[PDB]
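For reference, the chains in residue letters:
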Amino acid sequence: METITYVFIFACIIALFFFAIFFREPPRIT
Amino acid sequence: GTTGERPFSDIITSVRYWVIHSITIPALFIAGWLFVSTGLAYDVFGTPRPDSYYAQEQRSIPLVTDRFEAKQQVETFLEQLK
Amino acid sequence: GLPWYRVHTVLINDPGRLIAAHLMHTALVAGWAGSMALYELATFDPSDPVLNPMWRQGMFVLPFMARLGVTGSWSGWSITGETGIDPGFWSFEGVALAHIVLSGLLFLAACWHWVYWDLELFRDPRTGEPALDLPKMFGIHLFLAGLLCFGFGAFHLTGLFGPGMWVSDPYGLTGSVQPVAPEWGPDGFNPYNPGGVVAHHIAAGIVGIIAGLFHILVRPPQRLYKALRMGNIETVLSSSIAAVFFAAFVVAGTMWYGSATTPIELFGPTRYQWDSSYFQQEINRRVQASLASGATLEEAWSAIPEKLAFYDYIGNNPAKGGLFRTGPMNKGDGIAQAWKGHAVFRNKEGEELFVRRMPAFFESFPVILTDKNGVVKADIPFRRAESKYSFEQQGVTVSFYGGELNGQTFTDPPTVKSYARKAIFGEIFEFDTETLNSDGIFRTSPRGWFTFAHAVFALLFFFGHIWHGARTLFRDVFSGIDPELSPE
Amino acid sequence: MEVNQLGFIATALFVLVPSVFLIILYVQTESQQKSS
Amino acid sequence: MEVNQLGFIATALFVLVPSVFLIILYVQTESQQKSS
Amino acid sequence: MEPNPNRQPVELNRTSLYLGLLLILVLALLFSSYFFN
Amino acid sequence: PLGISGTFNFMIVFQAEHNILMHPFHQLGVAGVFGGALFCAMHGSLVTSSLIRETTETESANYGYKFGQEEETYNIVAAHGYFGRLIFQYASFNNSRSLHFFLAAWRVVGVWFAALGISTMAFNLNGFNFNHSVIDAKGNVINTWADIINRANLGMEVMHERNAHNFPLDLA
Amino acid sequence: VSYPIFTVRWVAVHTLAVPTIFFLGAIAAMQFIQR
Amino acid sequence: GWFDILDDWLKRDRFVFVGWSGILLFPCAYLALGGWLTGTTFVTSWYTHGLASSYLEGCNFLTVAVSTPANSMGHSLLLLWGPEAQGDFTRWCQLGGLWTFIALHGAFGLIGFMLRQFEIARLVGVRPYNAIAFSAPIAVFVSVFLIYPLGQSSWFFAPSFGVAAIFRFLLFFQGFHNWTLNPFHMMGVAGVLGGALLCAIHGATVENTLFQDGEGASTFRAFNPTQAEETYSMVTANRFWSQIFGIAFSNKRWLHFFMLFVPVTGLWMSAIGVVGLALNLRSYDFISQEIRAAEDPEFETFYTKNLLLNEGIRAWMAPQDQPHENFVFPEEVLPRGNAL
Amino acid sequence: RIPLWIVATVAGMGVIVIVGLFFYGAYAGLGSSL
Amino acid sequence: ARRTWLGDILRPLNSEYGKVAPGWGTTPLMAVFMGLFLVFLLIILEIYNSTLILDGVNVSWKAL
Amino acid sequence: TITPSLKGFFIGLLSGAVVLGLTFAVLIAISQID
Ligand SMILES: CCCCCCCCCCCCCCCCCC(=O)OC[C@H](CO[C@@H]1O[C@H](CO[C@H]2O[C@H](CO)[C@H](O)[C@H](O)[C@H]2O)[C@H](O)[C@H](O)[C@H]1O)OC(=O)CCCCCCCCCCCCCCCCC
Ligand code: CLA
Ligand code: CLA
Ligand code: CLA
Ligand code: CLA
Ligand SMILES: C=Cc1c(C)c2cc3nc(c4c5[nH]c(cc6nc(cc1[nH]2)C(C)=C6CC)c(C)c5C(=O)[C@@H]4C(=O)OC)[C@@H](CCC(=O)OC/C=C(\C)CCC[C@@H](C)CCC[C@@H](C)CCCC(C)C)[C@H]3C
Ligand SMILES: CCCCCCCCCCCCCCCC(=O)O[C@H](COC(=O)CCCCCCCCCCCC)CO[C@@H]1O[C@@H](CO)[C@H](O)[C@H](O)[C@@H]1O
Ligand SMILES: CCCCCCCCCCCCCCCC(=O)O[C@H](COC(=O)CCCCCCCCCCCC)CO[C@@H]1O[C@@H](CO)[C@H](O)[C@H](O)[C@@H]1O
Ligand SMILES: CC(C)=CCC/C(C)=C/CC/C(C)=C/CC/C(C)=C/CC/C(C)=C\CC/C(C)=C\CC/C(C)=C/CC1=CC(=O)C(C)=C(C)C1=O
Ligand SMILES: CC1=C(/C=C/C(C)=C\C=C/C(C)=C/C=C/C=C(C)/C=C\C=C(C)\C=C\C2=C(C)CCCC2(C)C)C(C)(C)CCC1
Ligand SMILES: CC1=C(\C=C/C(C)=C\C=C/C(C)=C/C=C/C=C(C)/C=C/C=C(C)/C=C/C2=C(C)CCCC2(C)C)C(C)(C)CCC1
Ligand SMILES: [Fe+2]
């Protein structure tokens, strides 16, 4: 049980890596 | 920024610096030395000298027992103590 | 695009909506009081003020209802252990049913000061804008404080108008809430001296009233009002967070070390009470009097009072706990059911021995029985192959005086050992662990938590102090550095 | 494994409560353009 | 009272998860005017 | 029932949110263990 | 060992077998790390402290800047002009290139020594050792504040890996 | 020009330079206290 | 005027700034440096730890330390002229004292110095923020030199003001508080350590994305002290890590700011953590394990395997570290594995 | 007046000589182990 | 704006925003209570700390 | 009542007043010479 809680965090975080890198707000050269 | 207090290179390279100092610097170097040599530094700061850390026979440590009548303790230890 | 920390700034000016704010953090706190108050009340067990006084049960908020005076619940019981005498409406339930209605209305006065946010009073005449006079505003509120501080000082605690305040002394404890007489003599400063309290409030009240008037009348030097940028409310915040946090650290002190503002029985016995065998030495005196007074060593200890042995149990020494050791001292050693008896360990030669106690710092610890003079006559070996002082090879043994064990003795190397290891904790006891299902590890007393509370809290607030003070004074540079450069 | 009982509501709520805040504040802003 | 163990994470999450949705969708809309 | 001026909007951008989340998801990941005792 | 509590282990053991803490290298290590962690807050402090103009109080001061700016956002002169002053004036940096550089090398150099520290004791050139190194006349021994270090060290030596150690000397 | 010898700057630089050599001498002295 | 003359004077430039602050910074701060120094060179620390703490006694740099008051005093400020010492600068120098001194005088040096950071800051038209960041140490030094000790038994168990004497401060925690395994301390290293990288990187990351705007092999001079001109292409930046690490520090106000945070923050998390240790509230615990540690004599995690090291650190040092307890541990009682 | 380098090296050797003394001093010095 | 019952009853007290006494004025007498205060705390702290002694004034749980 | 300890304090106060006092006086002095 609690070890899923560990693995759930561990995972949803790897996906916070997904978005923050690929759907991150881009650098606008102006 | 605008800076104007008496320059350094000036005096470290100054003729007077070396002449006032040459004589006085080692006066401190020497002064400290004497402070150690007389052996006053010890009495100055209670700091025991190798010759007298433990009494002769005893093997225990002269530890301060009560914060209020501590002055006594020290003595009574430094006392029996050589 | 206004970031969140900046979102609560909204007001700053417009004291109207702000009143409704404080009008809330105020209706939100009050609530929490009645709240957990009910809670703790939904769990405190009165059954025994002897081995199950609040502080073990993990009581945090109910401990106060006693200081001030609420000793009982509408259910015919008290914290002293009284009978037949039941308080008026103002009994635990009340105190709660109380703050419950309070916050409840303040929530309304609350949602009022919002819609009705723009009032004359919040509008300065000569100025075409919303401004709040502080240099006086402050002194006003002050006047009320002291007025109250004194109103309390002399009108409550002194017993003149109301109940005293929780007090007792180092025996029993036989605490209770009785009226206190302000004693202004020098010992009114012995933090411990209770009287020393009623004297302070009655006394500081005076000093407050006067000050209020003074600050309601006198006006602040243009040399200060320019420095302390008064007028810009932002400054009153750093000007307060400062005191608040200090107010903390003091409550953090009074709490940990002893003080009559935090009793012995309404809060976990002080960790220092066990540092120095306070409880065993103040005991030996009585069991010695009783002894050298023509009594069986048995009649001797059976003489010593329950509650008191208990105090001499490291298991209440606040330190032993753990930062995450989640609960009330009870799911620890368990529920103290009774005192077994003092365990004096005899040698095989007949010599008396002592279990060299466990100093607050160690969770682990090897039992050692030292001859009455610090010498070592017994231990529980680890190598065990080169053991020279084992219980078995030195025929250790245990007898018992007082408690429930009383007049009994145990000889078998196992139990004798055991009894010792549990003696390293102070006075052995009998804990029902099953009911709550304890774990076998210690927890810390309210006193313990409370301290660690107004701890990290106060240690942080000074950071607010440093932060707002700095954002109070430099509200100028706050925006940018000023495009202009080079001079200096 | 004998563990604390609030492990779930503790650890969990710890995640979802503050997180939900940020979530709100974002889509509350990314919707200024009515987009989102 | 011997009750089910997920009572909290069950009943609770049941409240806060869907609720948080509606919460989002509202302030996401009440912020079209940038107000909120 | 007259509008108060101080009604400034609120701000948390596409990124700040990623950090805010990385901030929690982590402690959560850290303390979880101690929250289980 | 790859894991959280594992490191702690690898560590406490080490101290015991290498007195690493008393090792001149690790020092220069904890040196920079502590430094960098102090400089990282220093250089980050100043910049934001002489940030410059571009905002209201409602707006986020941080917004005052666009990716690909041509001129830096901070007012370096008004920064050194401050920090320099705050004790000595000349122990300060006007040479942004030098400063940002100092930040690089400090952490990166100490860390190296450190990396070497382990790699040094890797072949047993452990930290210093002054046990019984301070004595009086009769020879009665006066404990050095390092003898405690070492005391707490034995407590470690003894336990680590109980059962295997089938001999007097932890020669590995 | 003519900048004084008793400078703010100097009082400090001194409180240090005097002891230091006083100490350094004290220490170089100890270097031999055998027995 | 009369005030402003004092102001006017002490306030303007003159190299080594001296301000409204200096009045408490300089004096306290000085004594403090001295306070520690004198001890290491001449003062002994024997009458408190039976341990030699001075060059004069023979100690070395890594040995010398300015003791800490015997467990007989407790938290008494141990005053030079107080009941305990009675202005007897040799006994007062003997009962340790210098400690409370160094520590208290010191405690101000910080208060004082931070102020100075404000004073000079409000005078130069900058954001104090530096002064804020400086809480980072005050909190530490407060908790770790006053709070923790104040929470325990005596000034004794408080830091040591030593080189090695301070290392003892570590182990002793690991061994008794098992600090190493305390969340709060963790962020404490998460910030220092995490920040150091942040420092070493911004420093170098900057150096390399430097516009050749000088001539030759000395990009150290080619920089303009005079005016605004981004010396490091912020553009050659993001498009670098964005592709090498996946992320881009696009902006410099935040970058050069987030660097302020990292440390200062962790430090606090440390100061909190230790506050815990003050009231022995520590993270040694970890029930879930230990409860199952009872049975299953064959299940073993590092936690336990580690926790055991601690248990040794106690049994061996306590007797000599905590002398005032006259601990006595017979040959047998000491925990050891099969072999040594 | 007096050349700057000449003051540095002689000032330096002192640190290198005094410091050197200190290392010897740790071998026969009280703090030796004999 | 929008005055009312109290809104008028309390208008004076909030009126004099900038009302500030001229110069340094009262200050001195502040600084006199100020330092006069310190010694209070210090004298308390020191009685408490156990550095300041008095009679019938030995700080302990004993105190009746 | 003038306990050796109490007297200890007054003594302390006086030394305190002395160091602050001496300090400000010299300070108003040098500030005045400008
Ligand atoms: C975060 C922002 C930071 C801002 C930084 C600003 C820096 C400015 C620093 C200025 C103040 C620092 C110097 C203060 C020194 C005070 C001396 C002291 O300690 O005074 C010494 C005494 C201590 O008395 C103790 O008493 C103990 C037991 O005695 C008592 O109990 C005994 C039984 O055990 C007996 O009954 C005895 O009669 C009775 O007196 C022992 O004897 C101890 O040895 C002894 O130290 O305290 C007292 O009386 C005085 C009352 C204590 C007030 C404490 C205020 C805040 C600090 C304390 C918090 C500690 C708890 C922290 C919890 C976690 C987080 C806070
Ligand atoms: C105001 C201060 C305060 C103090 C001193 C206490 C003290 C206590 N409470 Mg309590 N409580 C409080 C406020 C307080 N409470 C509030 C505001 C609530 C409502 C939410 C409660 C609700 C509550 C319940 C339901 C119970 C208690 C109980 C208790 C007692 C058991 C100890 C415990 O549970 O702590 C646990 C200690 C810890 C969990 C330590 C670590 C926990 C946190 C602080 C660590 C992480 C903090 C933070 C999130 C870190 C992140 C920082 C960020 C920068 C990343 C103890 C006397 C128990 C009791 O005795 O009977 C009911 C109990 O059952 N309390
Ligand atoms: C608690 C109630 C109280 C409050 C809040 C105030 C507030 C004020 N009074 Mg005041 N006053 C009071 C009671 C109070 N007074 C009493 C009872 C009297 C005697 C009748 C006076 C007599 C008085 C006079 C004559 C004057 C004031 C003035 C003032 C104002 C000066 C501004 C200021 O505070 O900056 C001062 C801020 C500080 C001094 C902060 C520094 C404190 C820190 C730095 C201490 C150091 C901390 C350190 C670590 C702790 C050391 C302790 C340790 C040894 C244990 C301020 C509004 C002045 C004024 O302008 O009135 C409008 C003024 O002239 N007061
Ligand atoms: C003592 C009462 C008090 C009051 C009335 C205020 C009021 C204010 N502070 Mg503030 N502050 C305080 C204490 C206080 N502070 C202390 C003690 C510190 C240091 C520890 C600070 C450090 C601080 C900073 C750095 C800033 C402020 C700012 C502000 C202003 C807007 C910030 C804001 O509301 O964020 C909105 C708050 C939130 C969005 C809440 C989220 C933050 C955490 C995670 C919430 C946790 C609390 C909650 C879960 C339960 C509370 C329990 C309680 C016991 C703490 C506002 C005027 C801001 C400002 O005005 O600019 C200078 C700002 O930047 N404060
Ligand atoms: C941690 C150190 C520290 C730092 C860096 C600051 C910094 C600041 N404080 Mg402050 N403050 C502190 C601690 C600190 N404070 C403490 C512990 C308190 C007790 C509440 C306060 C109470 C306070 C108030 C009421 C105010 C400030 C304010 C300020 C700001 C303006 C400067 C000032 O007020 O005078 C700095 C004051 C001092 C440096 C105190 C001097 C130290 C004492 C007087 C020396 C005597 C101690 C004694 C000799 C020691 C003997 C030891 C003995 C007990 C054994 C500034 C940012 C002002 C502000 O920000 O509003 C805009 C303000 O109004 N502070
Ligand atoms: C590794 C330990 C460490 C050291 C020793 C250290 C040293 C210093 N930090 C400073 C600054 C800072 N540190 C800062 C953040 C941090 N600093 C950190 C860690 C350290 N910082 C970490 C925790 C954070 C990371 C951000 C901020 C950003 C600053 C400042 O900007 C400031 C600076 O500008 O530096 C250049 C300098 C301020 C000088 C001063 O206030 O003197 C004046 C007054 C003093 C110091 C008198 C104090 C007297 C007290 C402390 C007595 C203590 C005596 C003992 C401790 C000595 C014992 C010696 C041992 C061998 C036992 C310098 C003293
Ligand atoms: C083991 C996992 C559990 C623990 C978590 C792991 C810790 C990871 C450390 C990263 C934290 C630092 C944040 C970066 C600063 C920043 O870039 O901050 C923003 C978000 O970027 C981010 O971070 C995005 C977060 C995801 C990056 C991690 C991806 C991992 C894959 C890497 C593989 C490389 C081969 C990016 O821009 C920021 O926000 C911008 C506005 O959109 C501003 O303009 C500034 O540029 C500001 O820096
Ligand atoms: C390469 C430099 C570049 C930057 C990094 C350099 C790192 C150098 C580290 C060296 C530090 C320790 C020196 C070796 C110790 C030693 O051996 O000297 C001892 C005292 O030392 C000392 O007194 C150490 C001196 C440090 C004091 C610094 C105080 C700060 C204020 C200075 C203000 C100046 C205006 C004296 O000997 C000791 O005491 C003797 C008794 O006389 C014993 O016999 C032993 O020898 C014992 O070791
Ligand atoms: C077990 C587990 C998961 C965690 C352990 C416990 C944890 C995670 C604790 C964390 C909790 C907290 C708050 C710790 C302290 C807070 C804090 C900010 C610590 C600092 C470490 C941290 C959070 C992040 C590290 C940031 C880092 C190392 C790199 C990111 C910044 C970076 C990429 C710099 C290089 C860089 C430089 C540059 O100049 C330019 C232009 C660009 C584009 C760059 O990328
Ligand atoms: C205590 C006291 C005091 C004062 C004091 C003092 C005066 C002190 C001192 C002093 C000092 C002030 C000391 C110190 C210093 C210094 C020194 C003496 C140093 C050192 C050393 C060394 C050895 C070094 C080395 C080096 C360096 C320098 C760096 C680089 C490296 C080398 C190695 C080169 C008071 C009044 C408060 C009170 C009474 C007592
Ligand atoms: C019918 C009605 C009513 C209602 C209701 C009420 C009254 C209530 C409520 C309630 C309440 C009164 C609430 C609440 C509370 C609580 C709070 C407010 C809080 C909480 C908690 C918190 C806030 C927290 C804290 C924390 C956490 C979260 C965890 C950890 C620890 C800490 C501390 C951090 C009344 C009665 C008014 C009357 C009128 C009408
Ligand atoms: Fe930078």
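### Section: the overall build of chain A
Thought 1: When helices and strands are counted, chain A shows one helix and zero strands.
Thought 2: Taken along its principal axes, the extent of the C-alpha atoms in chain A is 50 × 10 × 5 Å.
Thought 3: In chain A, which comprises 30 residues, the share counted as buried stands at 20%.
Thought 4: Within the structure as shown, chain A displays about 2,300 Å² of accessible surface, and the carbon and sulfur contribution to it stands at 77%.

### Regarding the site of ligand 9
Thought 1: Close to ligand 9 lie 22 residues, the nearest being F:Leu30, I:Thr205, I:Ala237, I:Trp241 and I:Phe249.
Thought 2: A distance of 3.4 Å separates an oxygen atom of ligand 9 from a polar atom in the side chain of I:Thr205.
Thought 3: Computed on the free molecule, ligand 9 has an accessible area of 1,000 Å², of which 74% lies beneath the protein chains in the complex.
Thought 4: At the level of elements, α1 (16-32) of chain F together with α9 (183-208), α10 (235-244) and α11 (255-278) of chain I are the ones that each hand at least two residues to the shell around ligand 9.
Thought 5: Broken down by element, the residue count for the shell around ligand 9 peaks at seven residues, all from α9(I).

### Focus on the coordination of the magnesium atom of ligand 5
Thought 1: Protein coordination of the magnesium atom of ligand 5 is limited to a single donor, C:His465 (NE2), positioned at 2.6 Å.
Thought 2: One can find C:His465 in helix α14 (residues 446-473).

### A word on the site of ligand 2
Thought 1: Taken together, 13 residues sit near ligand 2, with C:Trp32, C:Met36, C:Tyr39, C:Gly58 and C:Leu323 positioned nearest.
Thought 2: Within the contact set of ligand 2, an oxygen atom lies 3.4 Å away from a backbone nitrogen or oxygen of C:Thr326.
Thought 3: Every element with two or more residues in the shell around ligand 2 is listed here: α2 (15-41) and α14 of chain C together with α1 of chain F.
Thought 4: Broken down by class, the residue content of the shell around ligand 2 amounts to eleven nonpolar, two polar and no charged.
Thought 5: Formed jointly, the shell around ligand 2 draws a minimum of three residues from each of two domains, domain 1 (1-270 + 444-488) and domain 2 (271-443) of chain C.

### A word on helix α8 (residues 167-177) of chain I
Side chains that are three or four residues apart share a direction in an α-helix, a result of its 3.6 residues per turn.
Thought 1: Of all eleven residues in α8(I), ten are buried; the element is thus mostly enclosed.
Thought 2: Among the residues of α8(I), I:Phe167, I:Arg168, I:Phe169, I:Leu171, I:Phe172, I:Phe173, I:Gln174, I:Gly175, I:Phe176 and I:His177 are the ones counted as buried.
Thought 3: The secondary structure elements touched by the buried residues of α8(I) are α1 (4-18), α2 (24-49) and α5 (145-159) of chain G together with α7 (135-151), α11 and α13 (302-321) of chain I.
Thought 4: Within two residues after α8(I), I:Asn178 carries a phi angle of roughly 45 degrees, on the positive side.

### Details of the UniProt feature "transmembrane region" in chain A
Thought 1: With numbering matched to this structure, UniProt assigns "transmembrane region" to residues 8-23 of chain A.
Thought 2: With 94% helix and 0% strand, the stretch residues 8-23 of chain A has end C-alpha atoms that lie 22 Å from each other.

### Points about the interface of chain I and chain G
Thought 1: Between chain I and chain G, the contact holds 93 residues from the first and 88 residues from the second.
Thought 2: Overall, the association of chain I and chain G removes approximately 8,400 Å² of surface from exposure, summing both partners, and the carbon and sulfur fraction of that is 68%.
Thought 3: On the surface where chain I and chain G come into contact, there are two salt bridges.
Thought 4: Between chain I and chain G we count 27 residue pairs in polar contact in total.
Thought 5: Listing elements by their share of the side of chain I that touches chain G, those giving two or more residues are α3 (46-49), β1 (51-52), α5 (98-123), α8, α9, α10, α11 and α13 of chain I.
Thought 6: With 14 residues, α9(I) is the single largest residue contributor to the side of chain I that touches chain G.
Thought 7: Where strand β1 (residues 143-144) of chain G and β1(I) come together, two bridges link them in parallel fashion.

### Details of the arrangement of the chains
Thought 1: Among the 31 pairs of chains that make contact, the interface with the largest number of contacts is formed by chains G and I.
Thought 2: In this view chain G stays clear of chain K, with the nearest C-alpha atoms of the two still 23 Å from each other.
Thought 3: With no contact between them, chain J and chain L keep their nearest C-alpha atoms 32 Å apart.

### Thoughts on the side chain of C:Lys340
Residue and element names in this part refer to chain C.
Thought 1: Assignment of secondary structure puts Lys340 in the loop between β5 (335-339) and β6 (342-346).
Thought 2: Overall, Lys340 belongs to the buried group, its relative accessible area being 13%.
Thought 3: Polar side-chain contacts of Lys340 include one of 3.2 Å to the side chain of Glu430.
Thought 4: With residues up to four places along the chain from it excluded, the contact list for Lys340 reads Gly402, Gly403, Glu404, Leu405, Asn406, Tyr419, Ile428, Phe429 and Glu430.

### A word on the interface of chain L and chain I
Thought 1: Listed as interface residues are ten residues of chain L and, on the opposing side, eight residues of chain I.
Thought 2: At the boundary of chain L with chain I, total buried surface from both sides reaches about 880 Å², with 81% on carbon and sulfur atoms.
Thought 3: Looking only at chain L, the three residues that lose the most surface to chain I are L:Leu27, L:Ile28 and L:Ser31, adding up to 48% of its buried area.
Thought 4: In this assembly, chain L and chain I are joined by zero salt bridges.
Thought 5: Run the count over chain L and chain I and you get two residue pairs in polar contact.

### What about α1(G)?
Thought 1: Between its first and last C-alpha atoms α1(G) spans 21 Å; for 15 residues at 1.5 Å apiece the expected length is 21 Å, and the two agree.
Thought 2: Every buried residue belonging to α1(G) is among G:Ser5, G:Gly6, G:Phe8, G:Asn9, G:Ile12, G:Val13, G:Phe14, G:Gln15, G:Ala16 and G:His18, and all of these are buried.
Thought 3: Elements that come into contact with the buried residues of α1(G) comprise α4 (96-121) and α5 of chain G together with α8, α9 and α13 of chain I.
Thought 4: Count one or two residues on from α1(G) and you reach G:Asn19, which has phi positive near 55 degrees.

### Looking at a nonpolar patch on the surface
Thought 1: On the surface, C:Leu38, C:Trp74, C:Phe89, C:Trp90, C:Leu97, C:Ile100 and C:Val101 cluster together to form a nonpolar patch covering roughly 730 Å² of accessible area.
Thought 2: Top element by residues in the nonpolar patch is helix α4 (residues 93-115) of chain C. It accounts for three residues.

### Focus on the packing of aromatic side chains
Residues and elements named next belong to chain C.
Thought 1: Enumeration according to the criterion identifies 95 aromatic pairs over all chains in this entry.
Thought 2: Where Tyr313 meets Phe431, the ring centres are 5.3 Å apart and the plane angle is 35 degrees; that geometry is what we call tilted. Of the two residues, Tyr313 is situated in the loop between α11 (306-311) and α12 (330-333) and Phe431 in strand β12 (residues 429-432); the sequence distance between them amounts to 118 residues.
Thought 3: Exposure remark for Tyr313: the relative accessible area of 6% places this residue in the buried category.

### Quick word on the nonpolar core
Thought 1: Counting 193 residues, the largest nonpolar core has C:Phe345, C:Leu369, G:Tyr82 and I:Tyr148 as the members making the most contacts within it.
Thought 2: With nine residues, α5(I) is the single largest residue contributor to this core.
Thought 3: Viewed by domain, this core spans two of them, domain 1 (1-270 + 444-488) and domain 2 (271-443) of chain C, each represented by three or more residues.
Thought 4: C:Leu41, C:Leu62, C:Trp77 and C:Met329 belong to the second-largest nonpolar core, a separate cluster that totals 22 residues.

### Concerning the sheet that holds strand β7 (residues 352-355) of chain C
Residue and element names in this part refer to chain C.
Thought 1: Spatial strand order, β9-β8-β7-β6-β10-β11: six strands in an open sheet with antiparallel pairing. Two strands in the sheet have a free side with no partner beyond their single neighbour: β9 (376-379) and β11 (409-410).
Thought 2: Sheet topology note: the β6/β7 ladder contains two bridges and is antiparallel. Paired with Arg346 across the bridge in β7 is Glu352.

### Concerning the pairing of strand β8 (residues 368-371) of chain C
Residues and elements named next belong to chain C.
Thought 1: Of the two faces of β8, the one lined by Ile368 and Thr370 and the one lined by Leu369 and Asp371 are each fully buried.
Thought 2: Here β7 runs beside β8; their pairing, made up of three bridges, is antiparallel. Directly across from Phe354, in β8, lies its bridge partner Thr370.
Thought 3: Bridging between β8 and β9 involves three bridges; their strand directions are antiparallel. The residue of β9 that forms the bridge with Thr370 is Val376.
Thought 4: Connecting β8 to the antiparallel partner β9 that follows it, the hairpin turn spans four residues, and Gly374 within it adopts a positive phi of roughly 80 degrees.

### Focus: the pattern of salt bridges
Thought 1: All chains considered together, the criterion is met by 33 salt bridges over all chains.
Thought 2: Here B:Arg6 makes a salt bridge to B:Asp10, at a shortest N to O gap of 3.3 Å.
Thought 3: A salt bridge links I:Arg91 to B:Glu75; the nearest nitrogen and oxygen atoms lie 3.6 Å apart. Here B:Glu75 lies in helix α4 (residues 70-80) and I:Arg91 lies in helix α4 (residues 91-94), a pairing that spans two chains.
Thought 4: Accessibility expressed as a relative area gives 16% for I:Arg91, which makes it buried.
Thought 5: A residue is classified by how much of its surface remains accessible, and B:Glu75, at 33% relative accessible area, is partly exposed.
Thought 6: Within this structure, C:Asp133, C:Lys136, C:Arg219, K:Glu16 and K:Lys19 form a network of salt bridges that share partners.

Calculation notes
- Residues numbered from 1 in each chain as written, not as in the entry; some residues may be left out.
- Chains lettered and ligands numbered in written order.
- Part of a larger assembly, values for the part shown.
- Heavy atoms only, no water.
- Helix = DSSP H or I, 4+ residues; strand = E, 2+ residues; numbered from the N terminus.
- Buried < 20%, exposed > 50% of the residue type's maximum accessible area, 1.4 Å probe, protein only.
- Areas by Shrake-Rupley, 256 points an atom, 1.4 Å probe, with all protein chains shown as cover.
- Near = heavy atom within 4 Å.
- Polar contact = N/O pair within 3.5 Å; in protein donor to acceptor, adjacent residues only side chain to side chain.
- Donors = N, O, S within 2.8 Å, 3.2 Å for Na, K, Ca; no water.
- Nonpolar A, V, L, I, M, F, W, Y, C, P; charged D, E, K, R; others polar.
- Domains from an automatic or database assignment.
- Contact = heavy atoms within 4.5 Å.
- UniProt positions renumbered as here; feature names shortened; annotations may be inferred.
- Buried area = accessible area lost by both parts, 1.4 Å probe.
- Salt bridge = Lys/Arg side-chain N within 4 Å of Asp/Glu carboxyl O.
- Pairing = 2+ DSSP bridges.
- Expected span 1.5 Å × (residues − 1).
- Patch = residues over 30% accessible without salt bridge, like charges linked within 9 Å, V, L, I, M, F, W, Y side chains within 5 Å.
- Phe/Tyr/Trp six-rings, centres within 6.5 Å; stacked < 30°, edge-to-face > 60°.
- Core = buried A, V, L, I, M, F, W, Y, C linked by side-chain atoms within 4.5 Å.

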